[PDB]
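Experimental coordinates follow, after the sequence.
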Amino acid sequence: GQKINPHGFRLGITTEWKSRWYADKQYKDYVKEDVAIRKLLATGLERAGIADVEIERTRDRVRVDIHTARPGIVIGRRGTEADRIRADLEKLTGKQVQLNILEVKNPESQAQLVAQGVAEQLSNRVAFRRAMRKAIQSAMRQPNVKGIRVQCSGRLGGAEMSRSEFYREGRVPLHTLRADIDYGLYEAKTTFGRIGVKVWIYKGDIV
Amino acid sequence: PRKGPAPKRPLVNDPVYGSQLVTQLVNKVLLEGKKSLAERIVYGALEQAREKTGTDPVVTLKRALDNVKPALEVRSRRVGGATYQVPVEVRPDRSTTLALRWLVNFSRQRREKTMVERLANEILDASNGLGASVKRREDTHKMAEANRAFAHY
Amino acid sequence: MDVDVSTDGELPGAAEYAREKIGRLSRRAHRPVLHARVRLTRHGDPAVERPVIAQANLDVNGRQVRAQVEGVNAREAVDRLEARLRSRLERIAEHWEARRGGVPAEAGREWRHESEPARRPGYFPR
RNA sequence: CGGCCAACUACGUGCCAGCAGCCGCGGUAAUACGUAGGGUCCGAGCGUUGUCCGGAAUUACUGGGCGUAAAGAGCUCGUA
RNA sequence: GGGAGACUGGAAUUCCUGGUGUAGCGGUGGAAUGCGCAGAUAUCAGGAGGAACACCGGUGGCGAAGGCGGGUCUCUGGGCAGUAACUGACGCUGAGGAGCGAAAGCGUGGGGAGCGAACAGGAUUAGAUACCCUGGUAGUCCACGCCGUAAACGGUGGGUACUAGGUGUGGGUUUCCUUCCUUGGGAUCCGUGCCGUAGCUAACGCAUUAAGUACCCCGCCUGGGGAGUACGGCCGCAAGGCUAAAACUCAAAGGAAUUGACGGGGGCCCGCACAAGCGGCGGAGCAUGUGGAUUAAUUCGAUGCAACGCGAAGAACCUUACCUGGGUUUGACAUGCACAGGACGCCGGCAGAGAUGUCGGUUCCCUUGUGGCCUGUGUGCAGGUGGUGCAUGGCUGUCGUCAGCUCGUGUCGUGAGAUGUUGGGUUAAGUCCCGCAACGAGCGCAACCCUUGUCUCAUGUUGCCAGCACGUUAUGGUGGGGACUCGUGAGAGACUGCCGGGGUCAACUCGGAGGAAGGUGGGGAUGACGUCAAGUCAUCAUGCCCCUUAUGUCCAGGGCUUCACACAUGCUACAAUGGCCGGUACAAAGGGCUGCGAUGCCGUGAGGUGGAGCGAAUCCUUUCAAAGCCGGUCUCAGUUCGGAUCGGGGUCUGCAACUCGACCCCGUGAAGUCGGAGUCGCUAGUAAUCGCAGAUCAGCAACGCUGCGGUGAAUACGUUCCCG
């Protein structure tokens, strides 16, 4: 076990909790319903890159905000997708649940979306070097990105031996606290097993 | 001690006798951090010694220390792939430390039914030149002398 | 020499053979052996060419001696372990015959790490 | 029909049965074994074995070498 | 110092003789054989004998090579320079052949001091046919002959001509500085070294003394073993030498160089690594884990550091994955395709160990198309703590919080690769400085974060109470008060900032001042590229394989707690620095709703009844401790120590304490007298010792783990040795 999770390193400094609420007696069931919501939303939506899911709770009314790169996919033009999600979130006993569907400004600067894309490309047929290089170039082309590292491990290329490969461009200071490192991880489903993809992205400091 | 010598602890003078040596003595007889018990033991022993002799206890304690303080000690030295017992001169602080440790231990296996009594008898016989700690100093000096052939390295 | 063998699973006769082979090394040790343990383990995967792995540990008067080998069966692993342990014990000897060649000795010769430094006068030779 | 060397997938088997000119392939997911689809090269032929030359500058005339890789006689005198 | 012969000198070793002279000498890492006390070793004088020739004496001379230095004499070989007088190509190489040829060895005859194969003892060792010690025969020496081999090597056949230089040194001729003393310097011939061009080479290297450029002649090689061996032959007194195969077998054997790893190689550094100390483990009893054995089963995983109070932050049932037995199969649990329905569902009765089975009571809402529920029939399917951590992801340990790991461009090399990253200094640090065919960069280091130590502003409740009032003992208890703590927000404060001295005037370093704190203040969090196919298919996920009337699933009971042993981590002791009894003082942190639970009362005590107040800076955990202090008693004993084991009697939780809980009371009173070889932790608020709390949790096997405070040492000379 080498490196701790970058989000968990700067949780009280740079990054923010993805669930904002307060509970004293009902902490346990709040956590249970939160993880249920998370797994439901991860399962239901896979076409559009679901970058992040936020939950805010206040008595009866519950606020679930999710960030996607393709809002149109997740919303029914007549509300069909919206109706379906609202309905099965009522089924989740969330009482009154209202949803704020949002959009990421620059998909290529978001580590989770980058890992999602690289994993998808890896799954079907693409050689892993091509995927990592394309992702690195796309993210480096973005104005605010200062350093990106992509690493994927497993039976790469359908081989019998597992391998770890990583390419880096610029600065990725994992030991520096004030540097905000966006961390994203996603497992690629191949016919030969499971390939794990991680992405680190450095975008300056926050003070 | 690889990068150089370490600083010493400046332990303070005793309040009710005003000497450094008694504080060193209490810290030698100390066990498990029970400082009050050690101080009670040493004060009782000193007062017993004063009663038996009739004079100040600190002077007799110094006399006992000088009677038991060593000057030449033997250490195992490895020169040219061989080990010998080499007699070495002892710095003053190490001599006082050795004397105090010997006094405390040899008083610990006396037979006087109490630590205070054992300590008082040991210090008295050391002042008079009959204690077992005095005998220990005799043996260590004899050992240093018997190996004087190896003092040249 | 008393040896305890802690195998696992299926290895019939491995324990007796290993105990008898290891116990013969007691005389080879130049110092009394305080403890001796042997562990036999077989790899589950049939793809492994040498599935059996044997390890040993001897306390040679406080000096730890250990070896580990692989084999295709109990006998071969135990024999390779015995060879390896014998080599380690030979390298561990540390009695006089073992260190007579390393003694700096060599009066004014063969500068070694522990060779006696030359005594030097205060004044230059000239 | 792994590479040399044109031409690859599936099923069966599992250090077996077997293959193989060399390197080497068989350890329940084999483009190297067996069989089927497909393919390639030849074609009234196609392969195997035996033998000779070539590749081999590997007996070097063309056209090699001898300090450490094999290779300067232990050193001289002197006959053809 | 080229060779042969003859004669001869001195030092030293050995022995013999004679003085003086005593009790050891000799030998080694350490000793013992051995010598000596019958006079040794030591010292002095004399004598005999053999062998080798210190200083000169070297990378210096001579010889074809082997090789050759005490001195003198005799005989003798070659080389070099100059003059060039003489002959006039008379040269070179040389198969076979002949001669010479270290040391060892062989023969015959001498000699034999020292050394010394073999051989004897001594020692070391597990064993020593060895290394080391004491003796010691051939041999070593001479004469005359055999042998004919060597890492006989420059691992380089002989002859000749040509191809940059620089600098030592040996022999000889000569011009000019000129003292002409002087290696003055030059030129030239002949040797002998070093460095270096061009060129050559796979590279290392060679390089006018070629391994370069060429010509003449000779010897030899044709993959590695078998094998320089067999057979035959020749030579030899013999040992043996020379010439010299094949069968068979392998897919290599080799040379140079590169990067690592390693060394009982060197250098420089670090770390509780050692040393200096303190306390332990190993001996006893018990708790816990593991091995082994046992059993129906003792579920599985973890095996040096880095497994073994580990997964387990809680095995009576459950957990539970194992065993015995009893049931069940679209299943204990999902979702879809169909047929039939209004019931599913509960509630009581019985049977059963229970699962389960059976009986009696209750019965859908849409809305006409059917939806929610189940029934069975099904059918897809579920379901595996089944296998493979050597197919995987994720997560983790470890080297190691060590300072290291790399890249772009350039340059060098045929290439692997190298440089940067090395050198001097410096640091905790690839930290920095100065240099430098390198110039930069990245991950690491450091900093940014938390906590702790000082102060300022803000701040007063449930927290303080200094100054005022009411208090009744019972106290901030109460009205009030910001003053002092404290709580939690903002900030300042340590930056070598300053001074003095070392320092390349550079890094850095020493000391001082100021300050709460001085030199990354203390402690955390943070773990580079990688390694060990390290761990984990049993948190989870997952490729492939396997089971599917079962390896799935339900239930009761049992097991995971078995015990002749072995290992590991701990606790309690073996006592007076203590046991026991009475009084008495000081903490922090944390927890609490179907939880903490007070006063009171009832029990001797676990405890019972009861419920105040508390989602808590408020109430409860008592107002909070124990070691501590004071007083009494015990008087060195297997004890007033020690508490194991066992008998009896209880309490609580729980459906249920038999296997198999904790606690209380009475009695019982084991080993144990400070623990072998060996081994562990720790550098200061640390070790040692004392108590308190939390998680898991109905209860607890908790002496375990994670925290909190109380009291509080010794020692560090220093890197030779052990480890990394």
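All right, it came through fine. Residues are numbered from 1 along each chain as shown, chains lettered A, B, ... in the order given.

make it CA atoms for all contacts and neighbour counts henceforth
Noted.

ok now do the residue nearest the centre of chain C, which residues does it touch?
For chain C, the residue nearest the mean C-alpha position is residue C:88 (2.6 Å; C-alpha atoms, centre = their mean). Applying C-alpha atoms under 8 Å, 6 or more residues apart in numbering or on different chains to residue C:88 gives the contacts C:65-67.

Quickly find the element holding the residue of chain A most remote from its centre.
Most distant residue from the mean C-alpha position of chain A: residue A:25, 30.3 Å away (C-alpha atoms, centre = their mean). Using DSSP states H and E, residue A:25 falls within no helix or strand.

Check the gap between it and residue A:18 for me.
21 Å (C-alpha to C-alpha, to the nearest Å).

hey, where'd the helices end up in chain B?
Under the criterion DSSP state H, chain B contains helices at B:20-29, B:35-53, B:57-68, B:92-108, B:115-128, B:132-146.

follow-up on the earlier one: would you mind giving both backbone torsions of the residue farthest from the centre of chain A?
Residue A:25 adopts backbone torsions of phi -90, psi -30, taken as degrees, to the nearest 10.

same thing with the one 3 residues further on?
Dihedral angles phi and psi of residue A:28 (degrees, to the nearest 10) take the values phi -70, psi -50.

and it, how many neighbours?
By other C-alpha atoms under 10 Å in any protein chain shown, 11 other residues sit near residue A:28.

ok, now the one 4 residues further on?
By other C-alpha under 10 Å, 11 other residues sit near residue A:32.

so it sits in a helix?
Yes - under DSSP: H, G, I helix; E, B strand; the rest coil, residue A:32 sits within a helix.

Residue A:169 contacts residue A:141, doesn't it?
No - with contacts counted by C-alpha atoms under 8 Å, residue A:169 stays clear of residue A:141, the gap being 11.5 Å.

before we move on, the earlier item: can you tell me the element the residue nearest to the centre of chain C falls in?
Under the criterion of DSSP H and E, residue C:88 resides in helix C:74-92.

for that helix, which positions count as buried?
Neighbour counts using 16 or more other C-alpha atoms under 10 Å in any protein chain shown place C:74-82, C:84-86, C:89, C:92 of helix C:74-92 among the buried residues.

Kindly report the same for stretch C:35-45.
Buried-residue list, stretch C:35-45, by 16+ other C-alpha under 10 Å: C:35-42.

Out of these, flag the one nearest to residue A:50.
Of all these, residue A:50 sits closest to residue C:42, with 46.5 Å by C-alpha to C-alpha.

Got phi/psi on the residue nearest to that closest one when sequence neighbours are not counted?
Spatially, and ignoring its direct neighbours in sequence, residue C:42 is nearest to residue C:52 (4.3 Å; C-alpha to C-alpha, 6 or more residues apart in numbering or on different chains). Torsion angles at residue C:52 (phi, psi; degrees, to the nearest 10) stand at phi -80, psi 130.

all helices of chain C, in order?
Along chain C, the stretches classed as helices by DSSP H are C:14-22, C:74-92, C:96-99.

do you know which of those lies nearest RNA strand D?
Comparing those by their distance to RNA strand D (C-alpha to the nearest atom of the strand), the top pick is helix C:74-92, with 15.2 Å.

any idea of the angle that closest one forms with helix C:14-22?
Relative orientation of helix C:74-92 versus helix C:14-22 (axes from the mean of the first three to the mean of the last three C-alpha atoms, to 10 degrees): 30 degrees.

With only the CA atoms kept, save helix C:74-92 in PDB.
What follows is helix C:74-92, C-alpha atoms only, in PDB (Å, rounded to 0.1, in the frame of the first residue of the first chain):
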ATOM      1  CA  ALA C  74       8.700 -33.800  -1.000                       C
ATOM      2  CA  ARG C  75      11.900 -35.800  -1.400                       C
ATOM      3  CA  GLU C  76      13.600 -33.400  -3.900                       C
ATOM      4  CA  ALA C  77      12.600 -30.300  -1.900                       C
ATOM      5  CA  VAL C  78      13.900 -31.800   1.300                       C
ATOM      6  CA  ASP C  79      17.200 -32.800  -0.300                       C
ATOM      7  CA  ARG C  80      17.700 -29.400  -1.800                       C
ATOM      8  CA  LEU C  81      16.900 -27.800   1.500                       C
ATOM      9  CA  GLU C  82      19.600 -30.000   3.200                       C
ATOM     10  CA  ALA C  83      22.200 -28.900   0.700                       C
ATOM     11  CA  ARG C  84      21.300 -25.200   1.100                       C
ATOM     12  CA  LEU C  85      21.400 -25.500   4.900                       C
ATOM     13  CA  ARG C  86      24.700 -27.200   4.800                       C
ATOM     14  CA  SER C  87      26.100 -24.400   2.700                       C
ATOM     15  CA  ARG C  88      24.800 -21.800   5.100                       C
ATOM     16  CA  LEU C  89      26.200 -23.600   8.100                       C
ATOM     17  CA  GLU C  90      29.600 -23.800   6.400                       C
ATOM     18  CA  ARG C  91      29.500 -20.000   5.800                       C
ATOM     19  CA  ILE C  92      28.500 -19.400   9.400                       C
END
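
Many thanks, I have nothing further to ask.
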